[PDB]
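[1] As they sit in the full assembly, here are the leading chains:
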Amino acid sequence: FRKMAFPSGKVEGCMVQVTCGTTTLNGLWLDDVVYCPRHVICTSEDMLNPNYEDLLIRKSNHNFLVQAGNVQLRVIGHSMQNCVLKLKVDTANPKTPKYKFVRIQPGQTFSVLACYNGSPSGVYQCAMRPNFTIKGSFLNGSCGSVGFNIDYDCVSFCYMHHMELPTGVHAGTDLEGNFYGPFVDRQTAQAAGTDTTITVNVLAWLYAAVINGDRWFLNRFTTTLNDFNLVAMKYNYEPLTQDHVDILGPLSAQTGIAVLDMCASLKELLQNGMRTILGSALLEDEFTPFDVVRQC
């Protein structure tokens, strides 16, 4: 099992650079709007205590340098939605894919196209941690890099990168500018919550093992969902939602192993602790049910 990213071409053709004064970052050019972190309107000194509504009333269209490579796109309007700036430009991007904006749930994976100075540099898969951070690989200059899934040539944008936190993990927003997690776009004492294991994905990984004939850990037991959730938390595992149970349905059907039967199996692995699964001693939690199917 490999972490496979989606082909990045469709997103590559949407990446631009946005500059306010000396502050620069990446933006995303879809039709005639460029989306980017609103913190582009800040000097580094302003970050210590920014008032965005004011910094923005005082900006004008002509203050924003938007560039696709070295070609300037003239801005004809500006607004902010939550923590994202939307710059209306005078050119509709001919390379705009079919797209939507999605707000993903913790556990969901997506591809990150890391970008510097509007120029894509690399692509990799990432999971949204339960504590609403991502364990990304971002260097300074990466703000405005985006995360996405691709579903029949429709690009679902789910993440825009804003910042690195103290412990070296990453935080940002959806494409409506709403942060994942409790973070804010100003310099404070902010820290990631204590993280937990993504139970839904661990179960998907157990289904993957079963599909491949690796099924020693299956037992005769079943559990109630409520009982499972209470025990799981004792081992720093996430409780399951109804949505989780549902996205495990296809793998449940493929293997004929009921979700709550697999939960029983997991509970035992937790209570006794293991002997390998898919030739690994560790339970993997960054492959979703959809990832498992997409690979097998």
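    Looks like it arrived, so ask away. Residues are numbered from 1 along each chain as shown, chains lettered A, B, ... in the order given.

[2] How about residue A:184: what's its closest non-neighbour residue?
    residue A:190 (7.0 Å; CB to CB, 6 or more residues apart in numbering). To be clear about C-beta, it is placed using only N, CA and C from the backbone, and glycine gets the same treatment.

[3] Over to residue A:12?
    Closest to residue A:12 by CB to CB, 6+ apart is residue A:120, at 5.0 Å.

[4] if I read this right, that neighbour contacts residue A:142, doesn't it?
    No: judged on CB atoms under 8 Å, residue A:120 makes no contact with residue A:142 at a distance of 10.8 Å.

[5] and for the two, which residues touch both?
    residue A:114 (CB atoms under 8 Å, 6 or more residues apart in numbering).

[6] Pick out whichever of these two has more residues nearby.
    residue A:142 (22 against 18; other CB atoms under 10 Å).

[7] That one contacts residue A:112, doesn't it?
    No: in this structure, residue A:142 is not within contact of residue A:112 by CB under 8 Å, at 9.2 Å.

[8] and for those two, which residues touch both?
    Common neighbours of residue A:142 and residue A:112 (CB under 8 Å, 6+ apart) are residue A:161.

[9] Please verify my assumption that residue A:5 contacts residue A:124.
    Yes: in this structure, residue A:5 is within contact of residue A:124 by CB under 8 Å, at 5.6 Å.

[10] Compare the two and say which one has the larger neighbour count.
    Taking neighbours as other CB under 10 Å, residue A:5 and residue A:124 compare with residue A:5 leading, 18 against 14.

[11] measure the more buried one to residue A:226 for me?
    37 Å (CB to CB, to the nearest Å).

[12] got the end-to-end distance for stretch A:139-148?
    The first residue of stretch A:139-148 is 19 Å away from its last residue (CA to CA, to the nearest Å).

[13] Need the residues that contact stretch A:168-179.
    A:28, A:35, A:37-38, A:80-84, A:101-104, A:129, A:132-136, A:138, A:146, A:157-165, A:180-181, A:183, A:185, A:192.

[14] Let's verify the residue nearest to residue A:184: helix, strand, or coil?
    For residue A:190, the assignment made with DSSP: H, G, I helix; E, B strand; the rest coil gives coil.

[15] dump the residue contacts of it.
    A:165-166, A:183-184.

[16] Can you give me the first-to-last residue distance of stretch A:281-296?
    End-to-end span of stretch A:281-296 (CA to CA): 21 Å.

[17] whoops, I mixed them up, stretch A:282-293
    Note: stretch A:282-293 ends 20 Å apart using CA to CA.

[18] surely residue A:4 meets residue A:292?
    No: Residue A:4 is beyond contact range of residue A:292, at 11.6 Å (criterion: CB under 8 Å).

[19] Tell me which of those two has more neighbours.
    A side-by-side neighbour count of residue A:4 and residue A:292, using other CB under 10 Å, places residue A:292 first with 24 against 14.

[20] quick one: the more buried one is in a helix?
    Yes: according to three-state DSSP, residue A:292 belongs to a helix.

[21] Are we agreed that residue A:10 is in a strand?
    No: counting by three-state DSSP, residue A:10 is not found in a strand; it is helix.

[22] Figure out how far the helix or strand hosting residue A:34 is from the centre of its chain.
    Assigned by DSSP states H and E, residue A:34 belongs to strand A:33-37. Offset of strand A:33-37 from its chain centre (CA atoms, centre = their mean, to the nearest Å): 17 Å.

[23] Check what contacts the helix or strand following that strand and list those residues.
    As assigned by DSSP H and E, the chain's next helix or strand after strand A:33-37 is helix A:52-57. With contacts defined as CB under 8 Å, 6+ apart, helix A:52-57 is touched by A:38, A:41-42, A:46, A:78, A:80, A:85, A:185.

[24] one more, chain B:
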Amino acid sequence: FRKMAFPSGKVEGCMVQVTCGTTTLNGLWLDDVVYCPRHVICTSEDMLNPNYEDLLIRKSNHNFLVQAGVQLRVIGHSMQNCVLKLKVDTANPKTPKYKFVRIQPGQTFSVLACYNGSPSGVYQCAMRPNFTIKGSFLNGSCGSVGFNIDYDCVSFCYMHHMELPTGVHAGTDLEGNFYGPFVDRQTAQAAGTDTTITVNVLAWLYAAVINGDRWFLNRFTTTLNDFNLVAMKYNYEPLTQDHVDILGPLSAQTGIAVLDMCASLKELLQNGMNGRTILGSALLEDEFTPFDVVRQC
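    The block that follows adds chain B to the chains above:
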């Protein structure tokens, strides 16, 4: 600290489907040529024991259906080793600046897995010492390519031909020469004994330090020769002085001498990791090059 592939856009616009009869796979369209595995000309029966010069002479241009998202008309064909080259009537307008390179064992590249001419996923792989690669390829992935990108120039280094019985992958360069002792015939084929890419493990241990993980370091040193004795014992590749040189930047950056890191690795091979993990792994990772680490650290 993740495996990071190159952005795949420039390659995506070169992928096409090639079909002969009910045999289909992917092709790479550059200028007015489509490169694909020559085994496209075989039925399953032919593929059991193919005489390719003899099969190819019997084909006409119109036997080849090339599809680019538009049918492209084939106007000429030739074979170069295990790669078929179909000249087509239309030049690919999105051809990047490109080269064909043969990679060295230990080196990494991005794979763009494709099915029916359509890109499906992108990830990094290394060319293993035994000249296989551990890809994520399913049925129909033949003709998917591997590449590196340097300032907009795409260097293609791999074209995918088969999965071996063990679940690893084998293929050719873009000149159609196999990596490893394999052939393009349906017969059971094993690779030689694989070994671990030592220089890469060392690069990855340096990565782990740069990312704030230091539990495996020790105060000890070793000579190159004595390290290599231990490494060969554990089916690791020899570390050369050129490798030590290559590691110079990461050594400079962490203030750990290469031979000091080698002493750490020796202890890891001898003692195991006990309970522990390094950059999330329970296993010593060997598929990041020094260059890959630098490009990210």
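
[25] once more on the nearest residue to residue A:12, with chain B this time?
    Nearest in space to residue A:12, with sequence neighbours left out and distances taken as CB to CB, 6 or more residues apart in numbering or on different chains, is residue B:9 at 4.1 Å.

[26] Surely the one you found touches residue A:15?
    No: using CB under 8 Å, residue B:9 makes no contact with residue A:15, being 10.2 Å away.

[27] Phi first, then psi, for the residue of chain A most remote from its centre.
    Distance from the C-alpha centroid of chain A, by CA atoms, centre = their mean, peaks at residue A:220 (36.5 Å). Backbone torsions of residue A:220, given as degrees, to the nearest 10, read phi -80, psi -10.

[28] swap in residue A:266?
    According to degrees, to the nearest 10, residue A:266 has phi -60, psi -40.

[29] Also residue A:221?
    Per degrees, to the nearest 10, the backbone of residue A:221 is at phi -80, psi 160.

[30] Contacts only, for it.
    Neighbouring residues of residue A:221 by CB atoms under 8 Å, 6 or more residues apart in numbering or on different chains: A:261, A:264-265, A:267-268.

[31] Buried subset of these as a ChimeraX selection?
    Per 16 or more other CB atoms under 10 Å in any protein chain shown, the buried members of the contacts of residue A:221 correspond to this ChimeraX selection:
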select /A:261,264,265,267
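
[32] Let me have the contacts of residue A:221 in CSV, adding secondary structure as columns.
    Compiled in CSV, those are given as follows (three-state DSSP):
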residue, secondary structure
A:261, helix
A:264, helix
A:265, helix
A:267, helix
A:268, helix
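
[33] Would you agree residue A:228 falls within a helix?
    Yes: with three-state DSSP as the criterion, residue A:228 is part of a helix.

[34] what's the biggest strand by length in chain A packed up against?
    Of all segments of type strand in chain A, defined using DSSP state E, the longest is strand A:154-164. The helices and strands touching strand A:154-164, judged by 3 or more CB pairs under 8 Å, 6 or more residues apart in numbering or on different chains; DSSP states H and E, are strand A:33-37, strand A:98-101, strand A:109-116, strand A:146-151, strand A:170-173.

[35] any chance of the ones you listed in a markdown table, with mean neighbour count too?
    Shown next, in a markdown table, are the helices and strands packed on strand A:154-164 (neighbours: other CB atoms under 10 Å in any protein chain shown):
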| stretch | mean neighbour count |
| --- | --- |
| strand A:33-37 | 25 |
| strand A:98-101 | 15 |
| strand A:109-116 | 25 |
| strand A:146-151 | 23 |
| strand A:170-173 | 26 |
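
[36] how about residue A:128, what does it touch?
    Residue A:128 touches A:104-110, A:134, A:159, A:180, counting by CB under 8 Å, 6+ apart.

[37] Residue A:148 now?
    A:6, A:11, A:110-111, A:113, A:155-159.

[38] Residue A:115 too?
    A:15, A:26, A:121, A:142, A:144-145.

[39] and of those, the nearest to chain B?
    Within the contacts of residue A:115, the smallest distance to chain B is 7.4 Å, found for residue A:121 (CB to the nearest CB).

[40] what sits against the closest one?
    Here residue A:121 is in contact with A:114-115, B:7 (CB under 8 Å, 6+ apart).

[41] got the angle for the strand or helix carrying it vs strand B:145-150?
    Here residue A:121, judged by DSSP H and E, is contained in strand A:119-127. For strand A:119-127 against strand B:145-150, the angle by axes from the mean of the first three to the mean of the last three CA atoms, to 10 degrees is 130 degrees.

[42] Residue A:29 - that's part of a strand, no?
    Yes: the assignment for residue A:29 is a strand, going by three-state DSSP.

[43] Surely it touches residue A:15?
    Yes: the pair residue A:29 / residue A:15 is scored as a contact, 7.4 Å apart, by CB under 8 Å.
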